[PDB]
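Below are the chains, spelled out letter by letter.
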Amino acid sequence: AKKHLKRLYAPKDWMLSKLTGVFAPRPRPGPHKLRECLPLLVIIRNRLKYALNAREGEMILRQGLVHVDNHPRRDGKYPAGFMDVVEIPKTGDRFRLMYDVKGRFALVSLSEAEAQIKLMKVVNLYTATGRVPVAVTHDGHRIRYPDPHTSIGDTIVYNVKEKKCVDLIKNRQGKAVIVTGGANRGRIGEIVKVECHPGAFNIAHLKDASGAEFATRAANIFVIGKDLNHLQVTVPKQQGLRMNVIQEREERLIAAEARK
Amino acid sequence: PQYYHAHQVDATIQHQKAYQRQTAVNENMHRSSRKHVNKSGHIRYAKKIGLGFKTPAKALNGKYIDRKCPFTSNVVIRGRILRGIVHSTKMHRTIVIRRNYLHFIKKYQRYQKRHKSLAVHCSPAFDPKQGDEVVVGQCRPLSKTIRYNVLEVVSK
Amino acid sequence: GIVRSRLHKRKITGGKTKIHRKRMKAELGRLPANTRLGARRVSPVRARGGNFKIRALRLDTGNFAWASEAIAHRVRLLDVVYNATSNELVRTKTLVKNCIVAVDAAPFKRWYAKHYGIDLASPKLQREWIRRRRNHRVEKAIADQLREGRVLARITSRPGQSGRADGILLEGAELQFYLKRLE
Amino acid sequence: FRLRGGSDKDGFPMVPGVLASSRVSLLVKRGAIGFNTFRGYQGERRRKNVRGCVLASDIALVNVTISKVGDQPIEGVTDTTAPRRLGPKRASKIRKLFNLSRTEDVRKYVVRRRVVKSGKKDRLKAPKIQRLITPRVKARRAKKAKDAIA
RNA sequence: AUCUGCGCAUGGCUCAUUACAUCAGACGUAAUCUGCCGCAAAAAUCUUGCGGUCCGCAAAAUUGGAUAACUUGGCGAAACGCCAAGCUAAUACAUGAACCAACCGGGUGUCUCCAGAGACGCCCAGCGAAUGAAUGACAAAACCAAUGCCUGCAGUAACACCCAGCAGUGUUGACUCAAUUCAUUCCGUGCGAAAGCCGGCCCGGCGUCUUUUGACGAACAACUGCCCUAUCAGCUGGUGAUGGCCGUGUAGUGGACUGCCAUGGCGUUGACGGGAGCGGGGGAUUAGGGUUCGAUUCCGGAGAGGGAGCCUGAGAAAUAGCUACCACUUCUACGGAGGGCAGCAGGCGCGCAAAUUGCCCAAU
Ligand SMILES: NC[C@@H]1O[C@H](O[C@H]2[C@@H](O)[C@H](O[C@@H]3[C@@H](O)[C@H](N)C[C@H](N)[C@H]3O[C@H]3O[C@H](CO)[C@@H](O)[C@H](O)[C@H]3N)O[C@@H]2CO)[C@H](N)[C@@H](O)[C@@H]1O
Ligand SMILES: [Mg+2]
Ligand SMILES: [Mg+2]
Ligand SMILES: [Mg+2]
Ligand SMILES: [Mg+2]
Ligand SMILES: [Mg+2]
Ligand SMILES: [Mg+2]
């Protein structure tokens, strides 16, 4: 039973500096994976500067002031990951955890109507006791009576206030996804062709808005809308478009010279 | 009219001091459904394993009673699917396959003949001779050395 | 203690394995139950996860199923008749899985008079007996030992694992298999 | 006299049951007669030297309790009595003490126990009495039946 | 202060062991256990009160016994040693909830009907578990019996009313699985609405059984890979070596193990035995090819003086846990009682060879 993380064995997307202490806050089991989450001490202290250390950081959390998906989370080690909605009523800001196109976690600011729904991907389907078919989700939810057209690769729109699955997005050819793993993580694209290969990993071929073709495993894609215009959720400021490394290097030198 | 006339003992398969039966299905049903009964006569359990492997003519219409068999048991084929050539068939219902490969040495820019031998459980659906090329699928441990189980035999 | 590892087994080359750890608790085994006939005495065993595994010592009764009729009846074990592992386990009358036992046969006859109405007259209103009994027939080797008093049967549960002596009645070629080995 | 305890010239107890006249070596569990439950961890079977129950000359102490009183009163044990230190705390166990009715209130029949200190405006210590089901508790308990069916 | 609830299985040190082992990349667990945490689930149980001797009328179920701390008396040279008695708690332990309060199903005896249909009565019908059976799909007319609508067959989900669509449709590459139906019965080794606690002015925070699954893990299996040695060429198999059949044991698979049968398996593509010693990420040098080092911060494995064996727990074969022996070893009032720095400071040795018996939780 591990209870510690070393700050070197912590994920790189958290961006904790190696010289500040040996340890990182090991996220508890919960909704999201340990490799694939951002625990609430890092959001309150390192992302947002509401807390200067971990001692000011539990003055916020243990008091019941941060809400992940409409419910107050008093754990600094609670795993918040992809598509979660983090509200704070006192400062009046609410955010969504999305991946930006460089693969890192990004806090997308939200309205009040956009902060009620979240988008969740089915990971398993089974029948529970009774004859109730429940749907297992990447965020750990077990929706008991989902839309009967739910398959495993699909996306359920959820509305975390009134816990009612308001919508369904099937996983087909004509849909748009966001990639949540691999080298292509954070990129958004239309689906082109899904190569099955039964017994092994499904490969999904994807085309971007510019036309850049790229592939991933189909367990890494997360469908978020009917097309790239009609996305069901708002995405970070690049909107899944990965610029060239040369062109994005030129633009920062131009912006820094034009600023002085 | 009250008497049923059940099936007689098939001594060709019954050799083994306990009665050889399949645990999946009951042999003794009076009005057995069309679920598991095969073409000619008797009740049989046959299963379709995964990866586009066609079950043989035996294991559906055969008479043998095999546990540890991928087509007629709870043995599931999963993980690795490999190929080898049959080396020895001297064991009872088990063959040893030989996997011959070239090992490249990065220093001396030249390959090197190596081999791995695997004990593979062989169903009575199959009779492979030495030199036959087989396709094996990984299963659970079935003995001290058996992890694989033959799925298809390619003759000669 | 008792271990279930391959550290003591020789390699397939015949080489000895040199041991560089202590025994783990996660690789243990325990002493066998050796369940016999007798009045019921069980001892639970604390397994992994805190689950309980009920050792059966001295069992005398179980739920035996008659699979053509898809019913079961709690009957009393009489004798241990044939065991495929050893004839020495018959003599000490050990209950294991798949050993052949004789059971009481009285609830099976009484059920066969209550259902199908055949003895080995009182509800004249309900002859749903006639709705059955026409298509169905009963194997002769069952009906002989059913009225003889004891029925040969096969244990289908693991008593040292579950603390139960459940079973099935021998039918078909399986009964005719074991009748030849006895007599 | 009921012989029910003992010790040696070395402080080792006389465990009732072992039927020896010597000191013997037992793997006593925790909470047994030779090994207290706070000294150890939860599994914790510790081996102690305890002494037999058969009495002998090498005994420095025997614990006895009287089951019947004889003639001579000349002893400080049967001539006096000392009060029980604590009255009852459970609400239904303090109701049986004074043989109260069902409708009767229990808060008036609590023991006083004055505490007096020199020049301190002395005071009373009463138990916070447990298992007393107020109407606020009755509404709380009847709500769990309503919301389990709802 | 003590009961109670979690934790002490992590961290930290060290690198002695160790070559079909460990370990790396990559897979498997459909062969399995899994506390804390996340989202869920939940209709079993003839209990109380009052009166009468088993019944009646009632209903916010106002349940029961014991221990600590403490007091008293203490034993003992002591001991992170102990005894006896007297008190008293619970979210400890034990007991236990009728009706409100459903649907659905099986087996079965009287009663109104017709030439089989209904009403009533009784036994049984909860989650989990065992065994057995059934599902867990599929890929032109003629005549007789029962039965369907028509006034002979147009057209048709299924079903004798209560509900005229209240599942004819689980998932996987694949299941003997998920789940459902009925047959039998679980005897403590499961299932309270904690018989729980706060707060606001009915409602809101918690806290807990069971059940179930994601998550953090555990355990096993092995695809490819690995220093030198032939002055090491045969290794294994009675007492398991390779396989097969029933079992057993396990958390589970399995020669892991009992019985029985077969005669196998490994090797000059270097087995077997011997020597060196944790394995990677990585370091040093390098045009290219390389040659070396890796006790050491991160990951994994192993150990706690050697060697066992256990308890408890979700997880240990735990060592600032227990039991024993061996080698050393400390206190004794000789009766006895203890030790385990490869934790951090230090100490003595050993060596060519490595620091402060320091301050602090301010940060991680
Ligand atoms: N060789 C390991 C295995 O031991 C098994 O048999 C072993 C046992 O019969 C027996 O082992 C016993 C053991 O049962 C018992 N419970 C404990 C005892 N220490 C062991 O004894 C063995 O070990 C010790 C120390 O090494 C030796 O002194 C002793 O001579 C040796 N026979 O001796 C045999 C080993 O020499 C099987 N033969 C086989 O599985 C395999 O040989
Ligand atoms: Mg405690
Ligand atoms: Mg090396
Ligand atoms: Mg077996
Ligand atoms: Mg380490
Ligand atoms: Mg020694
Ligand atoms: Mg030191």
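Residues numbered from 1 in each chain as written, not as in the entry; some residues may be left out. Chains lettered and ligands numbered in written order. Part of a larger assembly, values for the part shown. Heavy atoms only, no water. Residues with missing side-chain atoms left out of burial classes, pairs and counts.

Enquirer: Even after reading the chapter, I still don't get the protein's contact with RNA strand E, so can you show me in this structure?
Expert: Not every one of the 217 residues close to RNA strand E is listed here, only the nearest: A:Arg7, B:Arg114, C:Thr85, D:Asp10 and D:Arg45. A share of 75% of the atoms of RNA strand E within 4 Å of the protein falls on sugar and phosphate groups. Here a sugar or linking oxygen of RNA strand E sits 3.0 Å away from a polar atom, N or O, in the side chain of A:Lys3. A distance of 3.0 Å is found between a phosphate oxygen of RNA strand E and a backbone nitrogen or oxygen belonging to C:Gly49. Take the surface near RNA strand E: its biggest share by element is eleven residues, from helix α2 (residues 135–149) of chain D. Of the residues in the surface near RNA strand E, the class split is 72 nonpolar, 66 polar and 79 charged. (Near = heavy atom within 4 Å. Polar contact = N/O pair within 3.5 Å; in protein donor to acceptor, adjacent residues only side chain to side chain. Helix = DSSP H or I, 4+ residues; strand = E, 2+ residues; numbered from the N terminus. Nonpolar A, V, L, I, M, F, W, Y, C, P; charged D, E, K, R; others polar.)

Enquirer: Would you mind showing me how to read the interface of chain B and chain C here?
Expert: Quoted interface sizes are often the accessible area lost when the parts come together. Of the residues lining the interface, 22 residues belong to chain B; the matching set on chain C comes to 24 residues. When grouped by side-chain class, the residues that make up the side of chain B that touches chain C number eight nonpolar, nine polar and five charged. (Contact = heavy atoms within 4.5 Å.)

Enquirer: Please explain the domain arrangement of chain A as it appears in this structure.
Expert: All names here are of chain A. We note that the domain assignment places domain 1 (1–113), domain 2 (118–168) and domain 3 (171–242) within chain A. The C-alpha-based centres of domain 1 and domain 3 are spaced at 26 Å. On the domain 3 side, the residues contacting the twelve residues of domain 1 number 15 residues. Taken together, the two surfaces of domain 1 and domain 3 that pack against each other cover about 1100 Å², and 74% of this comes from carbon and sulfur. Summed over the shared surface of domain 1 and domain 3, the result is zero salt bridges. For the pair domain 1 and domain 3, the number of links is two residue pairs in polar contact. (Domains from an automatic or database assignment. Buried area = accessible area lost by both parts, 1.4 Å probe. Salt bridge = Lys/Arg side-chain N within 4 Å of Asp/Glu carboxyl O.)

Enquirer: Mind showing me how you'd approach the packing of aromatic side chains here?
Expert: The geometry of an aromatic ring pair is captured by two quantities: the separation of the ring centres and the angle between the planes. Residue and element names in this part refer to chain C. Per the counting criterion, the structure on display carries 13 aromatic pairs over all chains. Summarising the aromatic geometry, the rings of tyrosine 82 and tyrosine 178 are spaced 5.6 Å apart at their centres and angled 55 degrees between planes, so their arrangement reads as tilted. Here the two residues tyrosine 82 and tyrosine 178 agree in accessibility, since each one is buried. Ring centres of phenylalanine 177 and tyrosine 178 lie 5.0 Å apart, and the angle between their planes is 80 degrees; on these two criteria the pair is classed as edge-to-face. Assigned by exposure class, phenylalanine 177 and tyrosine 178 land together as buried. (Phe/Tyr/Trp six-rings, centres within 6.5 Å; stacked < 30°, edge-to-face > 60°. Buried < 20%, exposed > 50% of the residue type's maximum accessible area, 1.4 Å probe, protein only.)

Enquirer: Can you help me understand the arrangement of the chains in this one?
Expert: Counting contacts across all two pairs of chains found in contact, the highest total belongs to chains B and C. Contact between chain A and chain D is absent, and the minimum C-alpha spacing across the pair is 17 Å. Left apart from each other, chain C and chain D have a closest C-alpha approach of 14 Å.

Enquirer: Just checking my understanding: could you explain helix α2 (residues 106–114) of chain C for this structure?
Expert: Note on helix geometry: an α-helix contains 3.6 residues per turn, so any two residues three or four positions apart are oriented the same way. Residue and element names in this part refer to chain C. Within α2 the residues assigned to the buried category are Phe108, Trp111 and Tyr112. Along the axis of α2, the buried positions cluster into a sector of 100 degrees, meaning they face one direction only. When the buried face of α2 is taken as reference, the exposed residues oriented beyond 90 degrees from it are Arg110 and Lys114. Considering only its buried residues, α2 is in contact with β4 (61–66), β5 (71–76), α3 (140–148) and β10 (167–169). Positive phi shows up at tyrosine 116, right after α2, with a value of about 75 degrees. (Arc of directions from axis to C-beta.)

Enquirer: Help me understand the UniProt feature "domain: Small ribosomal subunit protein eS4 C-terminal" (unreviewed entry) in chain A, please; the structure alone is not making it clear to me.
Expert: As recorded in UniProt, the sites labelled "domain: Small ribosomal subunit protein eS4 C-terminal" (unreviewed entry) are residues 208–255 of chain A. Helix makes up 23% of residues 208–255 of chain A and strand 21%, and the two end C-alpha atoms of the span are 27 Å apart. (UniProt positions renumbered as here; feature names shortened; annotations may be inferred.)

Enquirer: How should I be thinking about the side chain of A:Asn184 in this particular structure?
Expert: For A:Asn184, the location among the structural elements is in the loop between β15 (176–179) and β16 (188–195). On the accessibility criterion, A:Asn184 (13% relative accessible area) is buried.

Enquirer: Before we go on, may I ask you to explain a positive patch on the surface in this structure?
Expert: The grouping of D:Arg85, D:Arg113, D:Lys117, D:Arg123 and D:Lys125 at the surface amounts to a positive patch. Within the element layout of this structure, D:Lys125 appears in the loop between β6 (123–124) and α2. (Patch = residues over 30% accessible without salt bridge, like charges linked within 9 Å, V, L, I, M, F, W, Y side chains within 5 Å. Areas by Shrake-Rupley, 256 points an atom, 1.4 Å probe, with all protein chains shown as cover. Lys, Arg positive; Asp, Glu negative; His and termini not counted. Charge placed at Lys NZ, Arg CZ, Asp CG, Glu CD.)

Enquirer: What exactly am I supposed to notice about unusual backbone geometry here?
Expert: For residues other than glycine, phi is negative in most cases, and the peptide bonds are mostly trans. We note that A:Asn159 has phi near 60 degrees; this positive angle belongs to a residue other than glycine. Position of A:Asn159 among the secondary structure elements: in the loop between β13 (155–157) and β14 (167–169). Its identity is not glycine, yet B:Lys17 carries a phi of approximately 75 degrees, on the positive side. Judged by its relative accessible area of 43%, B:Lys17 falls in the partly exposed class.

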